[PDB]
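Take a look at the structure set out below.
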Amino acid sequence: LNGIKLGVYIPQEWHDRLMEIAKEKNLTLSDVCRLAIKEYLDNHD
Amino acid sequence: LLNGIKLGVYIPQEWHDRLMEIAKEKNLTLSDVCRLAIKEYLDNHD
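First to last, the protein sequences are chains A and B.
Under the authors' numbering, think of the first position of the first sequence as 8, with each following residue one higher.
Under the authors' numbering, think of the first position of the second sequence as 7, with each following residue one higher.
The following block contains the structure:
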């Protein structure tokens, strides 16, 4: 994407479970990452 | 090596500057805040 980069390290299995979701949905791992981010941010009004 | 793999995810500024603000109120790194944004998300896929 554009805008502001992230350089987070996460648990190896997490990644995988994020890579299998991204497959299943026809997204990339960034896409699904933004998904969880925006979903988090939505929780916090 | 608890953590380990790196992500590079290009996200809007708004999500960026705003995640930052949550961190400072939970006292966390910008990075903690995502780690759980992600974990919760992965939890909510059963």
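Using N, Cα and C, we set each Cβ at its ideal position, and we do this for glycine too.
Contact belief for residue i with residue j at Cβ below 8 Å, rounded distance in angstroms
{"i": "residue 51 of chain A", "j": "residue 28 of chain B", "result": "6 Å"}
{"i": "residue 9 of chain B", "j": "residue 17 of chain A", "result": "6 Å"}
{"i": "residue 15 of chain A", "j": "residue 41 of chain B", "result": "7 Å"}
Coarse secondary structure for residue i, derived from DSSP in three states
{"i": "residue 12 of chain A", "result": "coil"}
Residue-level contact to chain A via CB, residue i, 8 Å cutoff
{"i": "residue 34 of chain B", "result": "no"}
{"i": "residue 45 of chain B", "result": "yes"}
Are the region 40 to 49 of chain A and the region 29 to 36 of chain B touching, with three or more C-beta to C-beta distances below 8 Å?
-> No, because fewer than three Cβ pairs between the region 40 to 49 of chain A and the region 29 to 36 of chain B fall closer than 8 Å, the two stretches do not touch.
Going along the chain, which residues of the region 7 to 18 of chain B sit with their C-beta nearer than 8 Å to a C-beta in chain A?
-> From the region 7 to 18 of chain B, only 8, 9, 10, 11, 12, 13, 14, 15, 16, 17, 18 have a Cβ closer than 8 Å to chain A.
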